[PDB]
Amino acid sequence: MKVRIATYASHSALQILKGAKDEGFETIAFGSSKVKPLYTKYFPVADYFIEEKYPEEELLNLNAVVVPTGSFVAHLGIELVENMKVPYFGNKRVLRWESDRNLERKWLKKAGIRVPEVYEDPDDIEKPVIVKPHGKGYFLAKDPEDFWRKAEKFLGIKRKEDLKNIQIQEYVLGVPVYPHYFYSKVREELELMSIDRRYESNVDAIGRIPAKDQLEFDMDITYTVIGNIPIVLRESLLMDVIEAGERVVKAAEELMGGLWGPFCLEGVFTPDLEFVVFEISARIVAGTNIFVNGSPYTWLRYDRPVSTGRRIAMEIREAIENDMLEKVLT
């Protein structure tokens, strides 16, 4: 293949580049020199490793297409990514829509996705809410009276006009669930690729601490992502999970020039079998790293292992094969 597949050396590059190799592409990783051995020795998936944050000129010379990882913007910055001259797999317009709280909320609302209700006025609280001062210092409130007592105790607020820099959301209790999707622009087909539960510290460690021991300390709960655990869902939940993905894609077609490639809806499942979404990640997510050898979902419909990384490379190949590569790049 003339086209080479390139990605930033973090997040999901091992999976992406292995998938590319499996589909007959030459591969490029670019990033920190510290991690070069990971991609060239321990897991030799990168044919070229460039020790630079964003080697635009070298990437153009190598006829690269960049597959954006789930931390691509974090490492490069939104402006650099939006203005990059190297072709980008996916729609670069999505980056603002997935990251700006207001745009994200608008997208999810248009897509008819269940999300926590936001309260602009504490005096409107009628069911338990989570209060987010600007995980740092998050607390629950039952009602307006409870809220104001806690605003005084935790935030020093003694007058209503003094309240500032807070978010108040409907509190939704459920188990974390992260469905991984792929929308093929070539085939105009949505797929469910896999599902995981993100493994987080210290939040996933506190359950091992008895209540008595916890209560002696002021707990500082954190949600740092450490890894991922494979799951499957109850089968009867799949249709609504898939329909949610379809609606997100459709809404993006209207709002931002489309959504294609991998994405994920991040949320929880309540005891009443409701999927409530906290965030959309409109790129490959780290949970897909479990499924290098396929998943319980891909093995229902393919005769070979298909990771999200491989699926991306399959899409790029099929685009080239059908003379429509420009359609999947921005």
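A residue's number is simply how far along the shown sequence it sits, counting from 1.
- Checked against the other entries of this protein, residue 134 counts as unresolved in at least one third of those spanning it.
- The entry models residue 234 and residue 235 with no unmodelled deposited residue separating them.
- Look at the mean CA B-factor for 316-324 and for 20-28 in the entry; the higher one is 316-324.
- Here the stretch with the larger average CA B-factor, out of 224-232 and 239-247, is 239-247.
- The residue among 194, 91, 214, 165 whose C-alpha atom has the highest B-factor in the PDB entry is 165.
- As recorded in the entry, 131 carries the highest CA temperature factor of 86, 206, 131, 115.
- Per the deposited record, the Cα B-factor of residue 156 falls in the highest third when ranked against the other modelled residues of its chain.
- In the deposited entry, the Cα temperature factor of residue 288 sits in the bottom third of values across the chain's modelled residues.
- Ranked by Cα temperature factor within the chain, residue 1 sits in the highest third according to the deposited record.
- Among the modelled residues of its chain, residue 175 has a C-alpha B-factor that falls in the lowest third according to the deposited record.
- In the PDB entry, a CA B factor belonging to the lowest third of its chain's modelled residues is recorded for residue 181.
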